[PDB]
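A.B. asks: File follows, structure_2.pdb with PDB, C-alpha atoms:
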```
ATOM      1  CA  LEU A 299      23.546  -7.476   9.191
ATOM      2  CA  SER A 300      20.309  -5.797   8.117
ATOM      3  CA  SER A 301      21.334  -5.392   4.465
ATOM      4  CA  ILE A 302      20.860  -9.129   3.796
ATOM      5  CA  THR A 303      17.547  -9.158   1.946
ATOM      6  CA  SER A 304      15.432 -11.872   0.397
ATOM      7  CA  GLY A 305      13.047 -11.111  -2.448
ATOM      8  CA  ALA A 306      10.300  -8.522  -2.436
ATOM      9  CA  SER A 307       6.668  -9.573  -2.404
ATOM     10  CA  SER A 308       4.190  -9.334  -5.253
ATOM     11  CA  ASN A 309       1.067  -7.196  -4.875
ATOM     12  CA  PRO A 310       1.175  -6.950  -1.071
ATOM     13  CA  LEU A 311      -2.040  -4.970  -0.798
ATOM     14  CA  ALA A 312      -4.189  -7.849  -2.051
ATOM     15  CA  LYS A 313      -2.780 -10.175   0.599
ATOM     16  CA  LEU A 314      -3.483  -7.639   3.333
ATOM     17  CA  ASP A 315      -7.079  -7.319   2.124
ATOM     18  CA  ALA A 316      -7.524 -11.090   2.162
ATOM     19  CA  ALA A 317      -6.252 -11.271   5.739
ATOM     20  CA  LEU A 318      -8.630  -8.551   6.903
ATOM     21  CA  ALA A 319     -11.469 -10.453   5.226
ATOM     22  CA  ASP A 320     -10.735 -13.643   7.138
ATOM     23  CA  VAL A 321     -10.685 -11.756  10.435
ATOM     24  CA  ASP A 322     -13.958  -9.910   9.991
ATOM     25  CA  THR A 323     -15.659 -13.103   8.839
ATOM     26  CA  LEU A 324     -14.801 -14.796  12.107
ATOM     27  CA  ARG A 325     -15.910 -11.829  14.218
ATOM     28  CA  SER A 326     -19.255 -11.781  12.416
ATOM     29  CA  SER A 327     -19.889 -15.441  13.203
ATOM     30  CA  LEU A 328     -19.117 -14.860  16.875
ATOM     31  CA  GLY A 329     -21.636 -12.023  17.065
ATOM     32  CA  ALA A 330     -24.263 -14.279  15.522
ATOM     33  CA  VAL A 331     -23.725 -16.960  18.161
ATOM     34  CA  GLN A 332     -24.113 -14.424  20.976
ATOM     35  CA  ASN A 333     -27.438 -13.289  19.536
ATOM     36  CA  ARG A 334     -28.543 -16.906  19.590
ATOM     37  CA  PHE A 335     -27.522 -17.479  23.157
ATOM     38  CA  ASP A 336     -29.469 -14.650  24.821
ATOM     39  CA  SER A 337     -32.938 -15.886  23.791
ATOM     40  CA  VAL A 338     -32.367 -19.144  25.652
ATOM     41  CA  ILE A 339     -31.871 -17.328  28.952
ATOM     42  CA  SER A 340     -35.146 -15.508  28.448
ATOM     43  CA  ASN A 341     -37.001 -18.663  27.424
ATOM     44  CA  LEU A 342     -35.752 -20.769  30.313
ATOM     45  CA  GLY A 343     -36.671 -18.108  32.849
ATOM     46  CA  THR A 344     -40.245 -17.988  31.617
ATOM     47  CA  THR A 345     -40.586 -21.772  31.495
ATOM     48  CA  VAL A 346     -39.227 -22.142  35.028
ATOM     49  CA  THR A 347     -41.775 -19.667  36.334
ATOM     50  CA  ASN A 348     -44.658 -21.538  34.736
TER      51      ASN A 348
ATOM     52  CA  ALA B 150      -4.218   3.235  -2.606
ATOM     53  CA  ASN B 151      -3.755   0.100  -4.748
ATOM     54  CA  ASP B 152      -1.392  -1.593  -7.158
ATOM     55  CA  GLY B 153      -0.047  -0.045 -10.336
ATOM     56  CA  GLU B 154      -0.977   3.585  -9.658
ATOM     57  CA  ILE B 155       2.211   5.275 -10.790
ATOM     58  CA  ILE B 156       2.798   8.649 -12.416
ATOM     59  CA  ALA B 157       6.091   8.729 -14.273
ATOM     60  CA  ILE B 158       8.574  11.561 -14.870
ATOM     61  CA  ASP B 159      10.954  11.797 -17.808
ATOM     62  CA  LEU B 160      14.328  13.122 -16.513
ATOM     63  CA  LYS B 161      16.716  13.247 -19.437
ATOM     64  CA  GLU B 162      20.481  13.497 -18.992
ATOM     65  CA  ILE B 163      22.604  16.608 -19.521
ATOM     66  CA  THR B 164      26.362  17.027 -19.794
ATOM     67  CA  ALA B 165      28.723  19.040 -21.948
ATOM     68  CA  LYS B 166      29.173  15.888 -24.029
ATOM     69  CA  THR B 167      25.490  15.183 -24.652
ATOM     70  CA  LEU B 168      24.648  18.657 -25.960
ATOM     71  CA  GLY B 169      27.277  18.041 -28.646
ATOM     72  CA  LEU B 170      29.656  20.702 -27.367
ATOM     73  CA  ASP B 171      32.755  18.549 -26.889
ATOM     74  CA  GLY B 172      36.027  20.007 -28.112
ATOM     75  CA  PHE B 173      34.337  23.330 -28.849
ATOM     76  CA  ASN B 174      36.905  26.023 -29.542
ATOM     77  CA  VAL B 175      37.937  29.104 -31.470
ATOM     78  CA  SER B 176      41.306  30.578 -32.587
ATOM     79  CA  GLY B 177      42.344  27.377 -34.365
ATOM     80  CA  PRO B 178      45.410  25.288 -33.556
ATOM     81  CA  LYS B 179      48.142  26.862 -31.438
ATOM     82  CA  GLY B 180      51.211  25.296 -33.066
ATOM     83  CA  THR B 181      52.537  22.354 -34.999
ATOM     84  CA  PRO B 182      51.178  19.425 -32.980
ATOM     85  CA  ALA B 183      52.868  16.296 -31.663
ATOM     86  CA  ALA B 184      51.864  12.653 -31.818
ATOM     87  CA  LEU B 185      49.314  10.894 -29.609
ATOM     88  CA  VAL B 186      50.445   9.035 -26.531
ATOM     89  CA  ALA B 187      48.066   6.248 -25.547
ATOM     90  CA  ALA B 188      46.736   8.191 -22.556
ATOM     91  CA  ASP B 189      44.433  10.616 -24.362
ATOM     92  CA  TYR B 190      42.553   7.716 -25.942
ATOM     93  CA  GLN B 191      41.105   6.648 -22.603
ATOM     94  CA  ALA B 192      40.899  10.306 -21.618
ATOM     95  CA  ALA B 193      38.371  10.850 -24.399
ATOM     96  CA  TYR B 194      36.696   7.428 -24.366
ATOM     97  CA  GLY B 195      37.010   6.190 -20.789
ATOM     98  CA  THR B 196      39.710   4.369 -18.875
ATOM     99  CA  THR B 197      38.742   0.925 -20.206
ATOM    100  CA  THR B 198      38.629   1.728 -23.918
ATOM    101  CA  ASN B 199      39.556  -0.835 -26.561
TER     102      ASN B 199
END
```
Transcribe the structure of this file into C-alpha coordinates.

C.D. replies:
Amino acid sequence: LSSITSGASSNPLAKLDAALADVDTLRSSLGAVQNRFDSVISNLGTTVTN
Amino acid sequence: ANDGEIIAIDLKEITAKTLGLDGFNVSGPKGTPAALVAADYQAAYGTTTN
(Lines of atoms letter the chains of each structure in order from A and count residues from 1; the text may use other names and numbers.)
(Lines give C-alpha, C1' and ligand atoms only; values in the text may rest on other atoms or scores of the structure.)
Protein backbone atom coordinates (compact mmCIF):
# COMPACT_ATOMS: atom_id res chain seq x y z
CA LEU A 1 0.00 0.00 0.00
CA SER A 2 2.90 2.40 0.50
CA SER A 3 3.56 2.93 -3.22
CA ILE A 4 0.43 5.10 -3.58
CA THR A 5 1.94 8.58 -3.73
CA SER A 6 0.50 12.05 -4.14
CA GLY A 7 2.57 14.86 -5.60
CA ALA A 8 5.93 16.05 -4.35
CA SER A 9 6.28 19.42 -2.67
CA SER A 10 7.91 22.53 -4.09
CA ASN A 11 10.93 24.05 -2.35
CA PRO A 12 10.43 22.28 0.99
CA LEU A 13 13.36 23.98 2.68
CA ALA A 14 11.73 27.42 2.55
CA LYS A 15 8.62 26.11 4.29
CA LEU A 16 10.70 24.52 7.03
CA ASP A 17 12.51 27.82 7.58
CA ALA A 18 9.22 29.69 7.84
CA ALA A 19 7.95 27.24 10.45
CA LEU A 20 11.09 27.59 12.55
CA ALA A 21 10.68 31.37 12.35
CA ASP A 22 7.15 31.27 13.74
CA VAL A 23 8.27 29.09 16.64
CA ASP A 24 11.22 31.19 17.73
CA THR A 25 9.12 34.35 17.48
CA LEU A 26 6.68 32.98 20.01
CA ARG A 27 9.41 31.80 22.39
CA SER A 28 10.99 35.25 22.30
CA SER A 29 7.73 36.92 23.30
CA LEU A 30 7.33 34.53 26.22
CA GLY A 31 10.80 35.36 27.52
CA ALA A 32 9.97 39.05 27.35
CA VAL A 33 6.84 38.60 29.47
CA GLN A 34 8.80 36.72 32.14
CA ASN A 35 11.30 39.57 32.36
CA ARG A 36 8.38 41.91 32.92
CA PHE A 37 6.85 39.82 35.64
CA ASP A 38 9.84 39.57 38.00
CA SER A 39 10.15 43.32 38.66
CA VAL A 40 6.63 43.40 40.07
CA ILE A 41 7.52 40.89 42.78
CA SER A 42 10.46 43.03 43.81
CA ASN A 43 8.43 46.24 43.75
CA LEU A 44 5.53 44.88 45.77
CA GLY A 45 7.84 43.49 48.43
CA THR A 46 9.47 46.87 48.95
CA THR A 47 6.16 48.73 49.02
CA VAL A 48 4.69 46.30 51.55
CA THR A 49 7.64 46.83 53.86
CA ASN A 50 7.26 50.60 53.75
CA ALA B 1 21.98 23.19 2.02
CA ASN B 2 19.33 24.97 -0.08
CA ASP B 3 17.36 24.73 -3.29
CA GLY B 4 18.86 24.33 -6.74
CA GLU B 5 22.39 23.34 -5.73
CA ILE B 6 22.98 20.53 -8.19
CA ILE B 7 26.15 19.37 -9.92
CA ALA B 8 25.36 17.42 -13.07
CA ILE B 9 27.16 14.51 -14.74
CA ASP B 10 27.04 13.70 -18.44
CA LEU B 11 26.80 9.87 -18.82
CA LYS B 12 26.57 9.09 -22.51
CA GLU B 13 25.36 5.74 -23.82
CA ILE B 14 27.53 2.97 -25.27
CA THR B 15 26.60 -0.14 -27.22
CA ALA B 16 27.97 -1.98 -30.22
CA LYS B 17 25.30 -0.21 -32.26
CA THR B 18 26.10 3.34 -31.15
CA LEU B 19 29.82 3.16 -31.95
CA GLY B 20 28.79 2.39 -35.53
CA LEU B 21 30.13 -1.16 -35.48
CA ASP B 22 26.95 -3.01 -36.45
CA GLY B 23 27.32 -5.76 -39.03
CA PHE B 24 31.10 -5.42 -38.93
CA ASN B 25 32.76 -8.31 -40.73
CA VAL B 26 35.55 -9.59 -42.93
CA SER B 27 35.88 -12.47 -45.46
CA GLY B 28 32.89 -11.28 -47.50
CA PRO B 29 29.73 -13.27 -48.16
CA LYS B 30 29.79 -17.01 -47.52
CA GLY B 31 27.54 -18.20 -50.35
CA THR B 32 24.72 -17.28 -52.66
CA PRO B 33 22.17 -15.83 -50.23
CA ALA B 34 18.46 -16.49 -49.81
CA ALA B 35 15.52 -14.14 -49.48
CA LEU B 36 14.44 -12.27 -46.35
CA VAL B 37 11.77 -13.72 -44.11
CA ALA B 38 9.91 -11.06 -42.14
CA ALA B 39 11.63 -12.01 -38.88
CA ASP B 40 15.01 -10.36 -39.45
CA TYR B 41 13.32 -7.00 -40.00
CA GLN B 42 12.27 -6.78 -36.36
CA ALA B 43 15.51 -8.50 -35.41
CA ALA B 44 17.43 -5.51 -36.74
CA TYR B 45 14.90 -2.77 -35.94
CA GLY B 46 13.01 -4.02 -32.89
CA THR B 47 10.02 -6.27 -32.40
CA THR B 48 7.46 -3.54 -33.13
CA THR B 49 8.90 -2.23 -36.39
CA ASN B 50 6.70 -0.84 -39.15

A.B. asks: Residues of chain A near chain B: apply a cut-off of 12 Å, count all atoms listed in the file, and supply the list as a VMD selection string.

C.D. replies: chain A and resid 308 to 315

A.B. asks: Would you mind reading off the distance between CA of residue 320 in chain A and CA of residue 334 in chain A, one decimal, in Å?

C.D. replies: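 Between these atoms lies a distance of 22.0 Å.
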
A.B. asks: To one decimal place in Å, what is the distance between CA of residue 156 in chain B and CA of residue 306 in chain A?

C.D. replies: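 A separation of 21.2 Å between them.
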
A.B. asks: For a test of reading the model, state the distance in Å between CA of residue 186 in chain B and CA of residue 172 in chain B, rounded to one decimal.

C.D. replies: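 Calculated distance between CA of residue 186 in chain B and CA of residue 172 in chain B is 18.2 Å.
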